[PDB]
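This report refers to the structure that appears directly beneath it.
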Amino acid sequence: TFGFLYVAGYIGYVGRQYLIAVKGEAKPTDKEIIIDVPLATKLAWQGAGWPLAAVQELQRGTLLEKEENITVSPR
Amino acid sequence: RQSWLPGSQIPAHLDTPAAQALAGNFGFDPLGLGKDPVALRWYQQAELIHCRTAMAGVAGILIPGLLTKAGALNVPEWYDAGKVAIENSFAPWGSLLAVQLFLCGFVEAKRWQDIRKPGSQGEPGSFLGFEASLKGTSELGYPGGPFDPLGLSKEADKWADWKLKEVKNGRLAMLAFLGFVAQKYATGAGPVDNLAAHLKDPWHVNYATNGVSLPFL
Amino acid sequence: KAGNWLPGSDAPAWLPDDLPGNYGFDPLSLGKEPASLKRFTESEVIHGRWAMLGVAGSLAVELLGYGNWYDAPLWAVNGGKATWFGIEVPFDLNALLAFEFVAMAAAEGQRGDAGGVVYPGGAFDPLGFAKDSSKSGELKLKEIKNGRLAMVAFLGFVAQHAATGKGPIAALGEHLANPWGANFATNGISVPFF
Amino acid sequence: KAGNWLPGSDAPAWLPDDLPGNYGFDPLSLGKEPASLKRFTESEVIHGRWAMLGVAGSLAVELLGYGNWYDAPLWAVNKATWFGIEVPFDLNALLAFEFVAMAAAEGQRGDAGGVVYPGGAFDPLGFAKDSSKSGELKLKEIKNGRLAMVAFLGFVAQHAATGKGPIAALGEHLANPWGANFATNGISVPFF
Amino acid sequence: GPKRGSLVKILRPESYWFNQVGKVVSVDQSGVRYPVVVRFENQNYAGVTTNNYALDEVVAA
């Protein structure tokens, strides 16, 4: 169970980082339909220390967003 | 500057006044774990403590271990001295570990309250005489007064060199300790013995011929 | 301020300073509200007093040599007789039960009649040692100190005897005979892997 | 200034000069703060006095021939006697007695803040009526105090090595210095 | 209203772009009730990327 948790957190984290990195560019739809190979490789190799990176982000309170999400009429 | 990898580019974060002014810097963080400065400072402190403790431990291993080859100071192996001393002991290992745990936790609490707020332990009256010298030396990780008792800090022209040799020898100590445990798993004998073996024959006394480090051959 | 409960720490705002034993210790932020905090004051003080009474009694019987605190209820939980300083008690278990019941009922109903008068004085201080208004605060602080101490002492009693089944006098005597052999670690119960 | 505690050295600033025995010795910079330094003053002086009392007593019994200081507690750890006059009272009795006595005396010492030189009734002989020779006597006092402290430490170290009365230690060194010394003790240095 | 090309934060509860941010195309200087015109980059459930709003409904952020 510990091995699986590690590898799954790895996959999820590198996915999140790719999404974020490609989100701040001039064609998100294009980067989502076609992949930047160098970007993919860089983010893959840097996905290693993902538990440390994530706990640091938590300690900075950055991984969670403030109350600015799209929201249905009642709440 | 001096880079662990010539030709390579410097990490974005690793090139800042603090980083270049920290210690032992060569632009080495290909995992970019220091893209945050607070985390970076915290990790500098961690690395400092590790360098110090690893230097202490590797000395305590090698020196008696080397002189047990000498006639005097006949001492058992380090990974067995636990058993040896607990046999020659006077108190139950439980109580021993408990008390040493308490006394380490206290000092760690002091260090930690400091790293939280630097001017924390200079609070007047919180002790009777401590706060006098219980104040940081403007560099988190270099307490003063009794710490540095021989006034080695009042000579700044040696300050940088002290810092640098400290971090270098500490990193070397960590590496040597890892070598120790790895070879005690692979071969299982005395480190000095592995030494003497590879010296009596380099070309065949090596992990390349341990049949374990590289199992597929 | 009784003192910085944690050197280098920072004081909590909801704690007014001049207060018997105000060390500033509430890192979990409980008494941030006034009515709750006053409730806490009264609870803590009466707890201190009752704790002190408890240790006084337990040590009394134990060192006077009438068994420990865990020994008294035996006479009634089985067949026997109530005894006090060697003077036995020729009355019923249920009698003393209902008696102490109505007594505590009256006393605490009185305590609750008025709102929160913790320091009655006057008739309840016929010796009158709070006539200073500053040394009064001194005595208040020393009081709450004694109270928190007696509370901790009682808890230690119950834990030691839950481990060893022994009178605290016996526990301290054992630690005297050998500390390295008579301790919660050597007790082997307070920590599992020992 | 009592004198340069280290020739060629430099004086520390936080040490005011005119002060009984101010040699200027604090190379580790401890008393740089006033309340702490005053605490140090009172600690040092009472330490000197108690040290002096200690050596007086130890030498008294030893050379009077009633065993050394390490010999007294034997009678109770397994009758109390004093100058040959025995003591017909309980160990625990004298324990609680000296306990409450020291409690009273030191609680008195703490009642007032820091009065170290009470005088008056506590100096009914009145030898500090000079205000300069008073300082002279203060300096000589602290000298005697630091000396007695060092003397006591020497006692405990010598007897922790040899298990012997200090009179015995000095007599041994007398009989042979080259053979009765901490080096020949073989304990104070390992590789000897 | 704010000059053209400025960026505001939609706040009309019903609006598909609610609690989001869009680029103001332009504002009518005249007195129409919803002179604000706001482009977007994420079409709603019908394929529209620009909506109109009154003054209050938006915040220039």
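So that you can tell them apart, the chains are marked A, B, C, D and E in the order they are listed, and the count of residues begins at 1 in each.
Note that in this section a contact is a pair of C-beta atoms (placed from the backbone, for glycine too) under 8 Å apart; a residue touches a chain by one contact, two chains touch by 3 or more.
Chain identities (UniProt): B, C, D = Chlorophyll a-b binding protein, chloroplastic.
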(message) Farthest chain from chain A, going by the mean of C-alpha atoms per chain?
(response) D
(message) With centres defined from CA atoms, tell me which chain sits nearest the overall protein centre.
(response) B
(request) Give, as an integer number of Å, the spacing between the C-alpha centres of chain E and chain A. (result) 30
(message) Using mean CA coordinates as chain centres, what's the gap between chain D and chain E in Å?
(response) 88
(request) Could you give the separation in Å between the centres of chain C and chain E, each centre being the mean of its C-alpha atoms? (result) 68
(message) Taking the mean of the CA coordinates per chain, how far is chain A from chain B in Å?
(response) 34
(request) Chain pairs that touch, all of them, please. (result) A-B, A-E, B-C, B-D
(message) List the residues on chain C that touch chain B in their complex, please.
(response) 3-4, 6-9, 180-181, 183, 185-186, 188, 191, 194
(message) Help me check something: in the complex, which residues belonging to chain A touch chain E?
(response) 68-71, 73
(message) Under the stated contact criterion, what part of chain B meets chain D in this complex?
(response) 128-129, 132-133, 145-146, 149, 151
(request) Spell out the residues on chain B that touch chain A in their complex, using ranges where they run on. (result) 30-33, 36, 38-39
(request) Write out the stretch or stretches of chain D touching chain B in their complex. (result) 27-33, 36, 39-40
